[PDB]
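Pasting run.txt here (compact mmCIF, C-alpha atoms):
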```txt
# COMPACT_ATOMS: atom_id res chain seq x y z
CA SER A 1 77.51 93.37 98.48
CA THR A 2 80.60 95.33 97.45
CA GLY A 3 82.39 98.53 98.40
CA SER A 4 84.83 100.80 96.57
CA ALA A 5 86.74 103.73 98.09
CA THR A 6 89.50 105.99 96.86
CA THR A 7 92.74 106.05 98.84
CA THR A 8 94.91 109.19 98.70
CA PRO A 9 98.58 109.78 99.62
CA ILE A 10 98.97 111.96 102.70
CA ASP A 11 101.92 113.88 101.25
CA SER A 12 104.10 114.26 98.16
CA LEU A 13 106.24 111.23 99.10
CA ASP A 14 103.41 108.69 99.55
CA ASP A 15 104.41 108.30 103.20
CA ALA A 16 100.98 106.74 103.84
CA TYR A 17 97.52 106.60 102.28
CA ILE A 18 94.18 107.67 103.76
CA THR A 19 90.72 106.38 102.89
CA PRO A 20 87.46 107.99 104.05
CA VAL A 21 85.35 105.84 106.39
CA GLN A 22 81.84 106.59 107.68
CA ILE A 23 81.31 105.79 111.38
CA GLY A 24 78.08 106.12 113.33
CA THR A 25 74.65 107.62 112.80
CA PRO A 26 74.56 110.25 111.46
CA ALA A 27 77.81 109.43 109.72
CA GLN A 28 81.07 110.85 111.02
CA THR A 29 83.64 110.62 108.23
CA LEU A 30 87.23 109.97 109.35
CA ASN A 31 90.26 109.41 107.10
CA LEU A 32 91.85 106.12 108.11
CA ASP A 33 95.09 104.37 107.23
CA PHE A 34 94.10 100.95 105.85
CA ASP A 35 96.73 98.59 107.26
CA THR A 36 97.01 94.97 106.07
CA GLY A 37 99.69 94.48 108.75
CA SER A 38 97.44 95.00 111.79
CA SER A 39 93.94 94.09 112.92
CA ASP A 40 92.53 96.97 115.00
CA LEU A 41 90.15 99.69 113.75
CA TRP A 42 91.01 102.59 116.05
CA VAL A 43 90.21 106.29 115.87
CA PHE A 44 91.04 109.62 117.38
CA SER A 45 88.02 110.48 119.47
CA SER A 46 86.38 112.80 121.96
CA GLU A 47 88.13 110.63 124.59
CA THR A 48 91.67 111.22 123.28
CA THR A 49 93.91 113.21 125.66
CA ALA A 50 93.45 116.75 124.40
CA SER A 51 97.18 117.57 124.23
CA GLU A 52 97.63 114.53 121.95
CA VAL A 53 95.16 115.79 119.31
CA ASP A 54 96.62 118.20 116.76
CA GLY A 55 94.32 118.67 113.77
CA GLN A 56 92.80 115.19 113.42
CA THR A 57 89.11 114.66 112.92
CA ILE A 58 87.66 112.89 115.96
CA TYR A 59 84.90 110.34 116.44
CA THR A 60 82.41 111.40 119.12
CA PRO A 61 80.42 108.31 120.15
CA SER A 62 77.93 110.32 122.24
CA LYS A 63 76.72 111.93 118.98
CA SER A 64 76.09 108.55 117.30
CA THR A 65 72.69 107.00 117.96
CA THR A 66 74.06 103.58 117.01
CA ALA A 67 77.18 103.67 119.22
CA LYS A 68 77.28 101.31 122.20
CA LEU A 69 80.07 101.07 124.74
CA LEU A 70 81.55 97.55 124.73
CA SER A 71 81.52 97.06 128.46
CA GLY A 72 84.90 96.31 130.01
CA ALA A 73 86.80 96.21 126.72
CA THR A 74 90.15 97.93 126.30
CA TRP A 75 92.86 97.86 123.65
CA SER A 76 96.53 98.72 123.37
CA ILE A 77 98.77 98.36 120.35
CA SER A 78 102.40 98.93 119.43
CA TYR A 79 103.50 99.08 115.81
CA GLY A 80 106.71 98.08 114.09
CA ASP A 81 107.90 101.69 113.89
CA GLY A 82 107.62 102.14 117.67
CA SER A 83 104.36 104.11 117.67
CA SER A 84 101.44 103.09 119.88
CA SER A 85 97.92 103.90 121.01
CA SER A 86 95.33 102.60 123.49
CA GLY A 87 91.82 103.16 124.80
CA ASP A 88 88.33 101.71 125.14
CA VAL A 89 85.87 100.23 122.67
CA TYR A 90 82.47 100.96 121.14
CA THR A 91 80.47 99.05 118.57
CA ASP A 92 78.94 101.14 115.79
CA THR A 93 77.98 101.12 112.13
CA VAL A 94 80.97 101.49 109.81
CA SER A 95 80.80 101.97 106.03
CA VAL A 96 83.61 101.96 103.46
CA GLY A 97 82.84 102.96 99.92
CA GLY A 98 79.18 101.94 100.21
CA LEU A 99 79.80 98.66 102.09
CA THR A 100 78.25 98.72 105.59
CA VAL A 101 79.03 96.64 108.68
CA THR A 102 76.80 96.97 111.72
CA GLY A 103 78.24 96.21 115.14
CA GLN A 104 81.85 96.83 114.13
CA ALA A 105 84.29 97.32 117.00
CA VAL A 106 85.51 100.91 116.86
CA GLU A 107 88.46 101.32 119.21
CA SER A 108 88.44 104.83 120.70
CA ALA A 109 91.88 106.17 121.58
CA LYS A 110 92.46 107.64 125.01
CA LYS A 111 96.22 107.86 124.37
CA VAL A 112 98.31 108.05 121.20
CA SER A 113 102.07 108.36 120.77
CA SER A 114 103.75 111.46 119.42
CA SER A 115 104.05 110.24 115.82
CA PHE A 116 100.26 109.93 115.61
CA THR A 117 99.68 113.36 117.18
CA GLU A 118 102.16 114.90 114.77
CA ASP A 119 100.40 113.52 111.69
CA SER A 120 97.28 115.63 111.35
CA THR A 121 96.16 113.78 108.20
CA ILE A 122 95.60 110.32 109.75
CA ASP A 123 92.48 110.02 111.94
CA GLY A 124 93.13 106.38 112.85
CA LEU A 125 93.85 102.97 111.38
CA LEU A 126 91.64 100.30 109.81
CA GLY A 127 93.34 96.94 110.24
CA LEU A 128 93.04 94.35 107.46
CA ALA A 129 95.35 91.57 108.73
CA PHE A 130 93.80 88.50 110.35
CA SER A 131 91.54 88.99 113.35
CA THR A 132 93.81 86.77 115.48
CA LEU A 133 96.05 89.87 115.88
CA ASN A 134 93.27 92.11 117.25
CA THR A 135 94.30 93.58 120.62
CA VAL A 136 90.90 94.06 122.30
CA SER A 137 90.77 92.49 125.77
CA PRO A 138 89.19 90.50 127.31
CA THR A 139 87.14 89.62 124.19
CA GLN A 140 89.06 89.85 120.91
CA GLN A 141 87.18 91.62 118.10
CA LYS A 142 86.91 91.05 114.34
CA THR A 143 88.24 93.26 111.57
CA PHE A 144 85.97 95.14 109.20
CA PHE A 145 86.81 92.66 106.44
CA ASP A 146 86.17 89.63 108.65
CA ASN A 147 82.77 91.07 109.62
CA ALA A 148 81.87 91.92 106.02
CA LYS A 149 83.22 88.80 104.34
CA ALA A 150 80.14 86.58 104.35
CA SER A 151 78.02 89.36 102.80
CA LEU A 152 80.49 90.16 100.02
CA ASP A 153 79.93 88.94 96.47
CA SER A 154 83.38 87.29 96.73
CA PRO A 155 85.43 87.08 100.01
CA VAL A 156 88.20 89.37 98.81
CA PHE A 157 89.51 92.89 98.96
CA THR A 158 91.97 94.56 96.60
CA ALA A 159 94.62 97.25 97.05
CA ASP A 160 95.48 99.43 94.05
CA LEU A 161 97.78 102.08 95.48
CA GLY A 162 98.96 104.95 93.30
CA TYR A 163 102.44 106.39 92.85
CA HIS A 164 102.10 110.05 93.81
CA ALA A 165 98.41 109.74 92.90
CA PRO A 166 95.12 108.39 94.31
CA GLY A 167 94.21 104.73 94.11
CA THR A 168 91.46 102.36 95.20
CA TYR A 169 90.47 99.81 97.82
CA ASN A 170 87.69 97.49 96.63
CA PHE A 171 85.76 94.98 98.73
CA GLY A 172 83.95 91.98 97.33
CA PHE A 173 84.98 92.09 93.67
CA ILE A 174 87.97 92.20 91.34
CA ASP A 175 87.95 95.11 88.87
CA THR A 176 89.29 93.41 85.73
CA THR A 177 89.92 96.83 84.12
CA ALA A 178 92.40 97.84 86.86
CA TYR A 179 95.37 95.68 85.83
CA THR A 180 97.19 94.33 82.80
CA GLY A 181 97.89 90.69 82.03
CA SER A 182 96.83 88.07 84.56
CA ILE A 183 96.71 87.93 88.34
CA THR A 184 99.23 85.43 89.73
CA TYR A 185 98.10 83.90 93.00
CA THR A 186 100.51 82.65 95.64
CA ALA A 187 100.14 80.78 98.93
CA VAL A 188 99.65 82.57 102.28
CA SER A 189 100.58 81.50 105.79
CA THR A 190 98.28 82.95 108.45
CA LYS A 191 100.33 81.51 111.32
CA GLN A 192 101.66 84.93 112.42
CA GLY A 193 98.37 86.71 111.66
CA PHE A 194 99.74 88.44 108.55
CA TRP A 195 99.29 88.15 104.80
CA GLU A 196 102.58 86.24 104.70
CA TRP A 197 103.85 84.81 101.41
CA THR A 198 107.09 83.80 99.68
CA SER A 199 108.48 85.77 96.75
CA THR A 200 110.43 83.71 94.22
CA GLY A 201 113.32 86.17 93.79
CA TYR A 202 114.45 89.53 92.51
CA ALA A 203 116.33 91.52 89.89
CA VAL A 204 118.03 94.93 90.05
CA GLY A 205 117.50 97.14 87.01
CA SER A 206 118.11 95.24 83.80
CA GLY A 207 120.13 92.57 85.62
CA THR A 208 119.46 88.87 85.65
CA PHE A 209 116.76 87.49 87.92
CA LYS A 210 118.01 85.74 91.07
CA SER A 211 115.79 82.82 92.04
CA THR A 212 115.62 82.78 95.85
CA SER A 213 112.78 82.40 98.33
CA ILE A 214 111.96 85.58 100.27
CA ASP A 215 109.30 85.14 102.95
CA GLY A 216 107.56 88.37 103.87
CA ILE A 217 104.29 90.16 104.48
CA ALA A 218 102.08 92.25 102.20
CA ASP A 219 101.67 95.36 104.38
CA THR A 220 99.81 98.42 103.11
CA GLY A 221 100.52 100.19 106.39
CA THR A 222 104.31 100.16 105.94
CA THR A 223 105.75 102.84 103.64
CA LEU A 224 108.93 101.13 102.43
CA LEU A 225 110.18 97.79 101.12
CA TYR A 226 112.22 95.89 103.76
CA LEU A 227 114.26 92.96 102.42
CA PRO A 228 117.26 90.85 103.47
CA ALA A 229 120.56 92.70 103.77
CA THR A 230 122.09 90.74 100.88
CA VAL A 231 119.30 91.81 98.50
CA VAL A 232 119.35 95.43 99.65
CA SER A 233 123.16 95.65 99.32
CA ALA A 234 122.91 94.32 95.76
CA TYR A 235 120.34 97.01 94.92
CA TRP A 236 122.22 99.99 96.35
CA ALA A 237 125.54 98.85 94.87
CA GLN A 238 124.00 99.87 91.52
CA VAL A 239 123.58 103.51 92.68
CA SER A 240 126.72 105.64 92.59
CA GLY A 241 127.41 107.15 95.99
CA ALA A 242 124.74 105.21 97.87
CA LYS A 243 125.64 104.08 101.36
CA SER A 244 124.13 102.82 104.58
CA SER A 245 124.12 105.56 107.20
CA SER A 246 123.77 104.49 110.82
CA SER A 247 123.14 108.11 111.81
CA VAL A 248 120.28 108.55 109.34
CA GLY A 249 118.92 105.04 109.87
CA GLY A 250 119.33 103.33 106.52
CA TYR A 251 120.49 103.60 102.95
CA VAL A 252 120.82 107.09 101.52
CA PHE A 253 121.84 108.14 98.04
CA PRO A 254 122.71 111.34 96.16
CA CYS A 255 119.52 113.13 95.21
CA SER A 256 121.06 113.62 91.72
CA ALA A 257 121.02 109.88 91.04
CA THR A 258 118.83 108.03 88.58
CA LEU A 259 117.61 104.95 90.50
CA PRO A 260 117.36 101.52 88.87
CA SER A 261 114.13 99.56 88.98
CA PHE A 262 113.64 96.59 91.31
CA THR A 263 111.80 93.44 90.24
CA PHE A 264 110.27 90.89 92.61
CA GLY A 265 108.93 87.47 91.75
CA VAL A 266 105.42 86.16 92.36
CA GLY A 267 105.56 82.55 91.24
CA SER A 268 106.76 82.72 87.64
CA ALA A 269 105.43 86.29 87.30
CA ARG A 270 107.42 89.46 87.83
CA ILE A 271 106.42 92.84 89.33
CA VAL A 272 108.67 95.75 88.35
CA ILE A 273 109.03 98.68 90.77
CA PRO A 274 110.22 101.72 88.76
CA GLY A 275 113.28 103.46 90.14
CA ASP A 276 111.48 106.64 91.03
CA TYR A 277 109.19 104.71 93.41
CA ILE A 278 112.33 104.11 95.51
CA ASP A 279 113.10 107.84 96.00
CA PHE A 280 111.89 109.21 99.36
CA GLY A 281 113.49 112.61 98.93
CA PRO A 282 115.87 114.68 101.04
CA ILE A 283 116.73 113.30 104.45
CA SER A 284 116.09 116.79 105.87
CA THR A 285 114.80 119.91 104.21
CA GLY A 286 117.30 121.27 101.68
CA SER A 287 119.67 118.29 101.85
CA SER A 288 121.15 116.74 98.70
CA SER A 289 121.18 113.34 100.41
CA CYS A 290 118.02 111.36 99.72
CA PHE A 291 116.40 108.51 101.65
CA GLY A 292 116.06 105.14 99.97
CA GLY A 293 112.81 103.25 99.58
CA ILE A 294 114.40 99.79 99.84
CA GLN A 295 115.89 99.12 103.28
CA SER A 296 117.25 96.16 105.19
CA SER A 297 114.91 94.02 107.28
CA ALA A 298 117.81 92.83 109.44
CA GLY A 299 116.73 93.44 113.01
CA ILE A 300 113.02 93.66 112.11
CA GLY A 301 112.77 89.88 112.05
CA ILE A 302 110.50 89.82 109.00
CA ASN A 303 110.61 91.04 105.44
CA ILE A 304 107.93 93.61 104.57
CA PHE A 305 106.46 94.23 101.12
CA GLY A 306 105.23 97.71 101.99
CA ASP A 307 103.79 100.44 99.81
CA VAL A 308 106.91 100.80 97.62
CA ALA A 309 106.30 97.25 96.37
CA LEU A 310 102.52 97.09 96.56
CA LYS A 311 101.92 100.32 94.63
CA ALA A 312 103.64 98.75 91.60
CA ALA A 313 100.88 96.10 91.51
CA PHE A 314 97.18 95.38 91.69
CA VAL A 315 96.99 93.20 94.82
CA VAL A 316 94.23 90.74 95.73
CA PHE A 317 93.78 89.78 99.39
CA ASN A 318 91.76 86.58 99.00
CA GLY A 319 90.03 85.67 102.25
CA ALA A 320 88.60 82.36 101.10
CA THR A 321 88.73 79.42 103.51
CA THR A 322 92.38 78.98 102.50
CA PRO A 323 93.58 82.56 101.99
CA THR A 324 95.86 83.49 99.08
CA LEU A 325 97.41 86.65 97.63
CA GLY A 326 97.25 87.73 94.00
CA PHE A 327 99.52 90.16 92.17
CA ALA A 328 99.12 91.72 88.72
CA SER A 329 101.04 94.37 86.86
CA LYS A 330 99.13 97.54 85.98
```
Representation of the structure as structure tokens:
Amino acid sequence: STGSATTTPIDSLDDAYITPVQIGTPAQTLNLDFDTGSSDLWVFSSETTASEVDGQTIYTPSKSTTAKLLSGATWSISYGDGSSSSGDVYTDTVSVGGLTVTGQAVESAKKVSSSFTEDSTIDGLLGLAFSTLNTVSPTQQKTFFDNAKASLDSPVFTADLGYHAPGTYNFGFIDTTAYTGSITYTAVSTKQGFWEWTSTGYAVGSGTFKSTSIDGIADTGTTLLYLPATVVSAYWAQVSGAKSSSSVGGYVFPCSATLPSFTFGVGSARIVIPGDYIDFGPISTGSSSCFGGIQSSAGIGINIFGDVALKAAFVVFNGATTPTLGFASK
């Protein structure tokens, strides 16, 4: 089997991407944030504290003839940005782009933190990291991809995120029309539960490539590109007036600037992020100071190839017995 679904930016900055997902019988369609950095499929629901729902579409398990309460199961998750959610668990039928999993754990939120409430466009998350990170207790549950894998034509999914435009998540096949050149595959460590890999270096604008190993995670759920302080300083030094602002929480730059591109290495291959992908707009409405899309990972403890990087590529998440990642230009 295969599936194919369009993923759409939530706003004009590509702060996140939402993909429609069918849950239950009859189907209830919710728009979920597909997150290769976590492993829980959780939804706003008829059980979510009413004051914490503000415009989201909710899953109502009592209206699904295939929903079953997973007796005794609870979940609770905290994300890298400080947001969180928790609740109980059902199993139900879940379909993405024509690919159906029966018996998928659907984690129903009883509580969500303010950042989730305040984002009316995101109805929940669909985790695509390794199932070892799933938070359900006392019996850990599998991701949608893990459940689907054996049925897929090939045990892969691909992320093709757009810059200020829709893109595609495919399951079970590689669309050879969606990229240019070849796909370069690189080794993955699953030891921390992430799609963790090592980039071979970077360049800023038209500058020379610096060969240096950068270990980090391919994370569709994270908006920005988080890299070591040395790399990030070298990038922003090429932007007149850019500076790190402790009050704002990272590098800012004059909105009048023209940003240089940023290149990262994948083996001997190179992925070029155009400068305008690094512009996240005014820090507050009407400001002429703009927020940068490349930020330091110092203090995070891990480098994160988030959407800023991934949207410059066609990315293969290969879930073969030994997982690997593939990157192509497009």
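Among the candidate residues A:14, A:123, A:81, A:118, the one lying nearest to residue 58 (chain A) is A:123, with distances computed using only C-alpha atoms.
The gap separating CA of residue 165 (chain A) from CA of residue 11 (chain A) is 10.0 Å, in Å to one decimal.
Proximity of A:256, A:19, A:56, A:64 to residue 281 (chain A), computed with only C-alpha atoms, is greatest for A:256.
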#### Entry: Near-residue 189 (chain A) list (12 Å; all atoms listed in the file; drop same-chain fewer than 5 positions) as a PyMOL selection string
chain A and resi 129-130+194-198+215-218+319+322-325
Dump C-alpha atoms for the selected residues as a PDB file, in the coordinates of the input?
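File written: part.pdb
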```pdb
ATOM      1  CA  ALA A 129      95.350  91.570 108.730  1.00  0.00           C
ATOM      2  CA  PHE A 130      93.800  88.500 110.350  1.00  0.00           C
ATOM      3  CA  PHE A 194      99.740  88.440 108.550  1.00  0.00           C
ATOM      4  CA  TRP A 195      99.290  88.150 104.800  1.00  0.00           C
ATOM      5  CA  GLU A 196     102.580  86.240 104.700  1.00  0.00           C
ATOM      6  CA  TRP A 197     103.850  84.810 101.410  1.00  0.00           C
ATOM      7  CA  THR A 198     107.090  83.800  99.680  1.00  0.00           C
ATOM      8  CA  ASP A 215     109.300  85.140 102.950  1.00  0.00           C
ATOM      9  CA  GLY A 216     107.560  88.370 103.870  1.00  0.00           C
ATOM     10  CA  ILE A 217     104.290  90.160 104.480  1.00  0.00           C
ATOM     11  CA  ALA A 218     102.080  92.250 102.200  1.00  0.00           C
ATOM     12  CA  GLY A 319      90.030  85.670 102.250  1.00  0.00           C
ATOM     13  CA  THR A 322      92.380  78.980 102.500  1.00  0.00           C
ATOM     14  CA  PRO A 323      93.580  82.560 101.990  1.00  0.00           C
ATOM     15  CA  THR A 324      95.860  83.490  99.080  1.00  0.00           C
ATOM     16  CA  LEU A 325      97.410  86.650  97.630  1.00  0.00           C
TER      17      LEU A 325
END
```
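You will find CA of residue 75 (chain A) at 11.8 Å from CA of residue 43 (chain A).
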Q: Quick one: everything within 12 Å of residue 70 (chain A), counting only C-alpha atoms, minus sequence neighbours fewer than 4 positions away in the same chain. Send it as an MDAnalysis selection string.
A: chainID A and resid 61 74:75 87:92 103:108 136:141
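The smallest atom-to-atom distance between residue 121 (chain A) and any of A:313, A:18, A:271, A:232, using all atoms listed in the file, is found for A:18.
Closest approach to residue 85 (chain A) among A:109, A:174, A:73, A:50: A:109, based on only C-alpha atoms.
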Residue 119 (chain A) surroundings by all atoms listed in the file, 10 Å radius, close-in-sequence under 4 positions cut, as a CSV table (one decimal) with C-alpha atoms, keeping the file's coordinate frame:
```
chain,number,residue,atom,x,y,z
A,10,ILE,CA,99.0,112.0,102.7
A,53,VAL,CA,95.2,115.8,119.3
A,54,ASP,CA,96.6,118.2,116.8
A,55,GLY,CA,94.3,118.7,113.8
A,56,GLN,CA,92.8,115.2,113.4
A,114,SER,CA,103.8,111.5,119.4
A,115,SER,CA,104.0,110.2,115.8
A,123,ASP,CA,92.5,110.0,111.9
```
I'd like the neighbourhood of residue 102 (chain A) as a PyMOL selection string, where a residue qualifies if any of its atoms comes within 10 Å (using only C-alpha atoms), though same-chain residues fewer than 4 positions away should be ignored.
chain A and resi 23-24+66+91-95+144+147-148
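Note that CA of residue 246 (chain A) and CA of residue 286 (chain A) are 20.2 Å apart.
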Pull out region 22-44 of chain A, keep N, CA, C and O atoms, and write it as a PDB file, in the first residue's frame.
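And here's selection-v2.pdb as it stands now:
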```pdb
ATOM      1  N   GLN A  22      -7.760  11.355   8.611  1.00  0.00           N
ATOM      2  CA  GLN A  22      -9.084  10.807   8.891  1.00  0.00           C
ATOM      3  C   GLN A  22      -9.014   9.858  10.085  1.00  0.00           C
ATOM      4  O   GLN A  22      -8.215   8.918  10.087  1.00  0.00           O
ATOM      5  N   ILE A  23      -9.844  10.106  11.099  1.00  0.00           N
ATOM      6  CA  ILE A  23      -9.862   9.291  12.311  1.00  0.00           C
ATOM      7  C   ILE A  23     -11.282   8.799  12.542  1.00  0.00           C
ATOM      8  O   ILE A  23     -12.222   9.596  12.572  1.00  0.00           O
ATOM      9  N   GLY A  24     -11.439   7.492  12.747  1.00  0.00           N
ATOM     10  CA  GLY A  24     -12.722   6.961  13.157  1.00  0.00           C
ATOM     11  C   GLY A  24     -13.652   6.606  12.015  1.00  0.00           C
ATOM     12  O   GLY A  24     -13.351   6.762  10.829  1.00  0.00           O
ATOM     13  N   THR A  25     -14.824   6.114  12.410  1.00  0.00           N
ATOM     14  CA  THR A  25     -15.871   5.696  11.492  1.00  0.00           C
ATOM     15  C   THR A  25     -17.223   6.222  11.991  1.00  0.00           C
ATOM     16  O   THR A  25     -17.649   5.882  13.105  1.00  0.00           O
ATOM     17  N   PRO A  26     -17.910   7.045  11.193  1.00  0.00           N
ATOM     18  CA  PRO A  26     -17.439   7.686   9.958  1.00  0.00           C
ATOM     19  C   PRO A  26     -16.218   8.550  10.247  1.00  0.00           C
ATOM     20  O   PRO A  26     -15.941   8.923  11.379  1.00  0.00           O
ATOM     21  N   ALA A  27     -15.495   8.886   9.196  1.00  0.00           N
ATOM     22  CA  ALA A  27     -14.269   9.648   9.361  1.00  0.00           C
ATOM     23  C   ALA A  27     -14.537  10.999  10.015  1.00  0.00           C
ATOM     24  O   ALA A  27     -15.498  11.705   9.677  1.00  0.00           O
ATOM     25  N   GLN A  28     -13.637  11.366  10.925  1.00  0.00           N
ATOM     26  CA  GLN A  28     -13.516  12.713  11.460  1.00  0.00           C
ATOM     27  C   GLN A  28     -12.165  13.220  10.976  1.00  0.00           C
ATOM     28  O   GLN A  28     -11.126  12.628  11.293  1.00  0.00           O
ATOM     29  N   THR A  29     -12.165  14.273  10.168  1.00  0.00           N
ATOM     30  CA  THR A  29     -10.919  14.789   9.606  1.00  0.00           C
ATOM     31  C   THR A  29     -10.375  15.898  10.494  1.00  0.00           C
ATOM     32  O   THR A  29     -11.053  16.906  10.735  1.00  0.00           O
ATOM     33  N   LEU A  30      -9.151  15.697  10.985  1.00  0.00           N
ATOM     34  CA  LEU A  30      -8.436  16.665  11.804  1.00  0.00           C
ATOM     35  C   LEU A  30      -7.152  17.033  11.073  1.00  0.00           C
ATOM     36  O   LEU A  30      -6.566  16.211  10.363  1.00  0.00           O
ATOM     37  N   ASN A  31      -6.693  18.262  11.268  1.00  0.00           N
ATOM     38  CA  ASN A  31      -5.466  18.743  10.635  1.00  0.00           C
ATOM     39  C   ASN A  31      -4.331  18.651  11.640  1.00  0.00           C
ATOM     40  O   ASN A  31      -4.304  19.396  12.630  1.00  0.00           O
ATOM     41  N   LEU A  32      -3.410  17.720  11.393  1.00  0.00           N
ATOM     42  CA  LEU A  32      -2.372  17.394  12.362  1.00  0.00           C
ATOM     43  C   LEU A  32      -1.009  17.889  11.893  1.00  0.00           C
ATOM     44  O   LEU A  32      -0.729  17.993  10.698  1.00  0.00           O
ATOM     45  N   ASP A  33      -0.170  18.202  12.875  1.00  0.00           N
ATOM     46  CA  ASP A  33       1.225  18.574  12.653  1.00  0.00           C
ATOM     47  C   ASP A  33       2.063  17.301  12.647  1.00  0.00           C
ATOM     48  O   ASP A  33       2.245  16.670  13.691  1.00  0.00           O
ATOM     49  N   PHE A  34       2.552  16.905  11.469  1.00  0.00           N
ATOM     50  CA  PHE A  34       3.385  15.712  11.341  1.00  0.00           C
ATOM     51  C   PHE A  34       4.774  16.041  11.861  1.00  0.00           C
ATOM     52  O   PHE A  34       5.434  16.969  11.365  1.00  0.00           O
ATOM     53  N   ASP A  35       5.224  15.299  12.869  1.00  0.00           N
ATOM     54  CA  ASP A  35       6.383  15.678  13.677  1.00  0.00           C
ATOM     55  C   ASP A  35       7.385  14.527  13.743  1.00  0.00           C
ATOM     56  O   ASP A  35       7.215  13.605  14.543  1.00  0.00           O
ATOM     57  N   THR A  36       8.439  14.569  12.917  1.00  0.00           N
ATOM     58  CA  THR A  36       9.459  13.528  12.946  1.00  0.00           C
ATOM     59  C   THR A  36      10.366  13.618  14.173  1.00  0.00           C
ATOM     60  O   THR A  36      11.272  12.778  14.298  1.00  0.00           O
ATOM     61  N   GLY A  37      10.130  14.566  15.085  1.00  0.00           N
ATOM     62  CA  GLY A  37      10.819  14.637  16.350  1.00  0.00           C
ATOM     63  C   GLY A  37      10.057  14.140  17.562  1.00  0.00           C
ATOM     64  O   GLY A  37      10.560  14.290  18.683  1.00  0.00           O
ATOM     65  N   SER A  38       8.883  13.543  17.386  1.00  0.00           N
ATOM     66  CA  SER A  38       8.167  12.945  18.507  1.00  0.00           C
ATOM     67  C   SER A  38       7.376  11.757  17.996  1.00  0.00           C
ATOM     68  O   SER A  38       7.334  11.491  16.796  1.00  0.00           O
ATOM     69  N   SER A  39       6.745  11.017  18.925  1.00  0.00           N
ATOM     70  CA  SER A  39       6.227   9.687  18.605  1.00  0.00           C
ATOM     71  C   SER A  39       4.832   9.438  19.157  1.00  0.00           C
ATOM     72  O   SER A  39       4.445   8.273  19.322  1.00  0.00           O
ATOM     73  N   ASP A  40       4.079  10.494  19.441  1.00  0.00           N
ATOM     74  CA  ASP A  40       2.705  10.388  19.906  1.00  0.00           C
ATOM     75  C   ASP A  40       1.776  10.982  18.842  1.00  0.00           C
ATOM     76  O   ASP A  40       2.073  12.033  18.261  1.00  0.00           O
ATOM     77  N   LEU A  41       0.661  10.304  18.584  1.00  0.00           N
ATOM     78  CA  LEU A  41      -0.433  10.826  17.765  1.00  0.00           C
ATOM     79  C   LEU A  41      -1.497  11.260  18.763  1.00  0.00           C
ATOM     80  O   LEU A  41      -2.141  10.412  19.388  1.00  0.00           O
ATOM     81  N   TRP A  42      -1.619  12.566  18.977  1.00  0.00           N
ATOM     82  CA  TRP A  42      -2.563  13.090  19.948  1.00  0.00           C
ATOM     83  C   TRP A  42      -3.429  14.152  19.294  1.00  0.00           C
ATOM     84  O   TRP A  42      -2.993  14.831  18.355  1.00  0.00           O
ATOM     85  N   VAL A  43      -4.655  14.271  19.801  1.00  0.00           N
ATOM     86  CA  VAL A  43      -5.658  15.144  19.218  1.00  0.00           C
ATOM     87  C   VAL A  43      -6.418  15.922  20.280  1.00  0.00           C
ATOM     88  O   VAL A  43      -6.686  15.426  21.382  1.00  0.00           O
ATOM     89  N   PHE A  44      -6.796  17.145  19.921  1.00  0.00           N
ATOM     90  CA  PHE A  44      -7.890  17.811  20.615  1.00  0.00           C
ATOM     91  C   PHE A  44      -9.136  16.938  20.499  1.00  0.00           C
ATOM     92  O   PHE A  44      -9.363  16.278  19.476  1.00  0.00           O
TER      93      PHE A  44
END
```
